[PDB]
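One structure is given here, and the rest of the page talks about it.
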Amino acid sequence: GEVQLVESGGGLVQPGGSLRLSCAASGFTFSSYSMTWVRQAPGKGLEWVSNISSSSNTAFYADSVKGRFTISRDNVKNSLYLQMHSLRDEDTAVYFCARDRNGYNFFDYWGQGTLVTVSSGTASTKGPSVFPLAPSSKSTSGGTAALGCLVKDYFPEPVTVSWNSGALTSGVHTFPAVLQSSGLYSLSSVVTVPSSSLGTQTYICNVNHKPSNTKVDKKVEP
Amino acid sequence: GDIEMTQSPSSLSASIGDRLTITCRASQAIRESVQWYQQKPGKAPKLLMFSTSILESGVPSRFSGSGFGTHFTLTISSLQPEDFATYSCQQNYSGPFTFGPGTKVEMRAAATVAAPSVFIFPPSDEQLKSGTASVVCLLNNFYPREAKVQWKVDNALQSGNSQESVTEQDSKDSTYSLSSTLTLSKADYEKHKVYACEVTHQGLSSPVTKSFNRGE
Ligand SMILES: *[C@@H]1O[C@H](CO)[C@@H](O[C@@H]2O[C@H](CO)[C@@H](O[C@@H]3O[C@H](CO[C@H]4O[C@H](CO[C@H]5O[C@H](CO)[C@@H](O)[C@H](O)[C@@H]5O)[C@@H](O)[C@H](O)[C@@H]4O)[C@@H](O)[C@H](O)[C@@H]3O)[C@H](O)[C@H]2NC(C)=O)[C@H](O)[C@H]1NC(C)=O
Ligand SMILES: *[C@@H]1O[C@H](CO)[C@@H](O[C@@H]2O[C@H](CO)[C@@H](O[C@@H]3O[C@H](CO)[C@@H](O)[C@H](O)[C@@H]3O)[C@H](O)[C@H]2NC(C)=O)[C@H](O)[C@H]1NC(C)=O
């Protein structure tokens with residue numbers, strides 16, 4: 001197995017609330033490495049949050065989170081955890097699990113991160129509706145056809161989109177989310193494919209909105 | 001008491017094949033205790049370089065680092081398309097192990113003018129059943145970035161009922177794509193026939209219109 005770190009747990013939380021993040025480690029003997037949580041807040045650079053020794057015998061915290069956050073690990077199930085309490089506006093961030101290379105407090109393997117959104121605003125967690133953008137005579141030119149998926153009315157961020165479980169990447173454009181007047185986000189993802197292909201190939205957009213546990217696989221037909 | 005890491009500039013444009021130099025300053029002397037990370041949107045941060053100058057395994061040799069004390073430098077000898085990214089330094093010397101704010105390397109595209117391919121998508125039947133109609137206009141793979149979309153419904157210019165988004169610049173051909181969505185209630189959608197996306201762009205001698213007639 002290849003080295004992989006996969007964070008999960010991020011979503012919407014009210015100020016003063018609690019949230020637990022998890023990080024699943026594989027492809028290396030987890031119990032031999034110290035582990036860190038690092039975050040990136042809007043308008044800020046990366047920020048070290050906490051670390052834990054390989055044996056879990058020591059744990060340290062950034063001043064801003066001390067007494068609110070607890071790091072821990074499960075050296076048998078190969079998981080790293082971050083328990084957050086009394087969450088604040090400034091804790092909104094992408095949270096990364098990262099492996100300490102040699103114990104020198106720099107990190108050679110990171111996950112893609114999980115996004116924590118602290119909000120006192122009115123919008124509540126909502127999974128998206130996924131609608132096809134069907135290829136037609138109005139979306140074809142020069143022997144190629146555009147098709148896609150419209151991912152409408154979700155909150156908080158993020159949505160990810162793959163095509164054909166990640167086997168279709170060429171010619172994909174997944175657009176940044178837009179904020180609607182409702183306070184909900186929308187995005188679209190499109191792909192350009194051969195016009196000749198539409199009779200035999202299957203195009204499925206795989207939509208993941210982890211904050212609402214929403215997972216949709218929408219087949220897009222002509 | 002915390003060591004502050006700073007970076008300059010916060011962004012820069014550079015062309016493929018050029019030599020790139022970005023710098024990182026520590027508010028206190030930290031010998032050679034500096035790392036460089038590469039960040040791309042949605043992707044895991046990647047260790048490039050540690051102890052100022054040691055390349056991480058698998059990092060291309062066009063990357064090198066130098067410095068000592070409070071001044072450090074990341075150099076790319078010949079910038080490649082995959083190198084457009086944000087680069088952050090980090091000290092492992094003391095206390096809170098702190099990162100610079102990041103420097104974003106962007107394209108200085110000397111690219112040919114390319115008009116967008118313009119496509120239009122009526123609302124799906126499933127959406128219409130739920131009482132809402134979103135019409136999508138797609139402008140694909142154009143350069144330069146400036147592009148104007150106007151929505152027209154039975155030739156009446158729309159305002160306030162659309163949103164748009166542009167992709168990150170493509171590192172391999174400098175182009176952009178743009179998605180615009182016009183959203184109406186189903187009742188309003190059914191009061192009209194011609195739905196049109198009108199596009200202005202440097203690559204076009206006059207605005208191009210892409211349209212459909214509702215339910216045809
Ligand atoms: C911040 O991070 C720096 C590293 O960037 C930490 O500095 C290290 O501190 C440790 C303390 O445990 C030193 O460990 C000692 O190393 C002795 C051997 O040193 C020699 O070998 C090292 C390893 O060489 C191999 O790997 C390098 C890649 O790193 C290759 O370039 C080589 O070719 C080899 O393949 C060399 O790096 C080093 O320069 C020497 O040549 C060992 O015998 C001792 O018993 C002890 O383990 C380590 O030397 C320091 N490394 C550096 C580069 O300074 C620092 O502690 C960190 N600070 C904090 C707070 O975490
Ligand atoms: C996890 O976080 C803690 C907190 O920053 C790190 O502890 C720090 O570890 C370094 C190096 O092991 C210590 O540096 C040493 O300090 C003494 C001064 O007491 C100095 O004489 C030594 O030469 C060396 O510089 C540092 O003191 C220590 N900080 C604390 C508060 O204990 C730890 O390294 C991080 N990583 C891991 C894997 O635990």
Side-chain angles (χ1 to χ4, degrees), chain A residues 4 6-8 10-12 94 111-115 117 125-136 139 144-180 184-193 197-198 201-222, chain B residues 39-44 117 119-121 123-124 126-127 130 132 134-141 163-172 175-181 183:
Chain A
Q4 291 218 341
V6 174
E7 307 88 346
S8 65
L12 184 70
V94 179
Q112 286 179 326
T114 190
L115 179 64
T117 304
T125 299
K126 183 185 176 303
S129 297
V130 181
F131 303 113
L133 295 162
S136 74
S139 75
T144 67
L147 56 101
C149 284
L150 173 62
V151 183
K152 188 164 164 59
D153 294 340
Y154 63 94
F155 191 85
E157 290 207 64
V159 156
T160 65
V161 187
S162 63
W163 285 91
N164 291 348
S165 301
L168 177 51
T169 60
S170 299
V172 174
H173 287 307
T174 295
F175 291 87
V178 293
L179 182 63
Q180 295 169 122
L184 308 169
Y185 295 97
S186 290
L187 72 66
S188 54
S189 179
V190 304
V191 60
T192 298
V193 301
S197 81
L198 293 178
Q201 308 304 297
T202 291
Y203 298 113
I204 298 173
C205 69
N206 321 108
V207 177
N208 259 262
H209 182 238
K210 293 166 169 182
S212 69
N213 312 126
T214 296
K215 191 136 44 152
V216 172
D217 298 316
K218 178 64 69 172
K219 182 186 191 172
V220 186
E221 306 201 66
Chain B
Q39 294 173 272
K40 301 195 180 180
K43 295 184 178 176
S117 306
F119 305 115
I120 193 165
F121 299 91
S124 66
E126 42 262 79
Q127 186 187 23
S130 79
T132 304
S134 295
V135 187
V136 176
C137 183
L138 167 65
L139 284 59
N140 232 0
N141 307 320
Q163 307 193 272
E164 62 175 41
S165 196
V166 75
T167 54
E168 188 183 348
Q169 196 172 18
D170 189 286
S171 60
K172 291 180 180 178
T175 63
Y176 298 89
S177 298
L178 184 153
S179 176
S180 181
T181 305
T183 300

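Each chain gets a letter, A, B and so on, in the order its sequence line appears, and its residues count up from 1. All values below were derived from every heavy atom in this structure, side-chain atoms included, with hydrogens, water molecules and symmetry-related copies excluded.
Distance check, rounded to the nearest 0.5 Å: OG of B:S124 to NZ of A:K218 gives 8.0 Å. Interatomic distance, CG of B:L178 versus SG of B:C137, reported as 8.0 Å (0.5 Å rounding). Within the model, atoms OG of A:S136 and CZ of B:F121 stand 7.0 Å from one another, a figure rounded to the nearest 0.5 Å. In this structure, NZ in A:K210 is found 11.5 Å from CG in A:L115, a value given to the nearest 0.5 Å. Taken from CG in A:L147 to CG in A:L133, the straight-line distance is 8.5 Å, to the nearest 0.5 Å. Between A:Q180 atom CD and B:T183 atom OG1 the span is 6.5 Å, to the nearest 0.5 Å.
In terms of the side-chain contact (heavy atoms from CB on, under 4.5 Å) criterion, residue partners of A:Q4 (sequence neighbours excluded) are, by chain and number, A:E2, A:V6, A:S26. Legend: residues meeting side-chain contact (heavy atoms from CB on, under 4.5 Å) with B:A44, ordered by chain and number and at least two apart, are A:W110, A:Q112. Judged as a side-chain hydrogen bond (donor to acceptor under 3.5 Å, both in side chains), and not counting sequence neighbours, the contacts of A:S189 are A:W163, A:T174. B:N141 meets the side-chain hydrogen bond (donor to acceptor under 3.5 Å, both in side chains) test with A:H173, B:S177; sequence neighbours excluded. For A:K215, the side-chain contact (heavy atoms from CB on, under 4.5 Å) test picks out A:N208, with sequence neighbours left out. In this structure, B:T181 has no side-chain hydrogen bond (donor to acceptor under 3.5 Å, both in side chains) partners at least two apart in sequence or on a different chain. In this structure, A:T114 has no side-chain hydrogen bond (donor to acceptor under 3.5 Å, both in side chains) partners at least two apart in sequence or on a different chain. Listed by chain and residue number, nothing satisfies the side-chain contact (heavy atoms from CB on, under 4.5 Å) test with A:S170 (two or more places apart in sequence, or in another chain). Contacts of A:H209 classified as ring-ring contact (aromatic ring centres under 6.0 Å, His included), with partners at least two apart in sequence or in another chain: A:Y154.
Heavy-atom minimum distance, A:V172 versus A:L168: CG2-O, 3.8 Å. Considering every non-hydrogen atom in both A:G111 and A:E7, the closest pair reads CA-OE2, 3.1 Å. Scanning both residues, A:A134 and A:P222, for their nearest heavy atoms gives CB-C, 4.4 Å. Of all heavy-atom pairs spanning A:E221 and A:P135, the tightest one is O-CD, 3.7 Å. Closest of all the heavy-atom pairs between A:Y185 and A:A177 is CD2-CB, 4.0 Å. Scanning both residues, A:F175 and B:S165, for their nearest heavy atoms gives CD2-O, 3.6 Å.
Side-chain contact of B:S134 with B:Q127: a donor-acceptor pair under 3.5 Å is present, judged by distance alone. Side-chain atoms of A:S162 and A:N206 include a donor-acceptor pair closer than 3.5 Å.
Between A:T117 and A:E157 the shortest side-chain heavy-atom distance does not fall below 4.5 Å. Here the side chains of A:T214 and A:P128 are in contact, with some heavy-atom distance below 4.5 Å. Annotation: side chain of A:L198 is in contact with side chain of A:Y203 (closest heavy-atom distance under 4.5 Å). With a 4.5 Å cut-off on side-chain heavy atoms, A:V190 and B:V136 do not count as touching. Side-chain contact check for A:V220 versus A:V191: every heavy-atom pair is 4.5 Å or farther apart. Two residues are said to be in side-chain contact when any heavy atoms from C-beta on lie closer than 4.5 Å; A:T125 and A:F155 fail this criterion. A:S186 is listed as a side-chain neighbour of A:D153, based on a closest heavy-atom distance under 4.5 Å. Using a 4.5 Å heavy-atom threshold, the side chains of B:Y176 and B:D170 count as separate.
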Assess the residue pair A:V161 and A:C149 against the criterion (side-chain contact (heavy atoms from CB on, under 4.5 Å)); give the C-alpha distance rounded to whole Å, side-chain angles, the decisive distance to 0.1 Å, and a yes or no. CA-CA 9 Å; A:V161 187; A:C149 284; 5.6 Å; no
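With B:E126 contributing its side chain and A:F131 its backbone, the two residues share no donor-acceptor pair below 3.5 Å.
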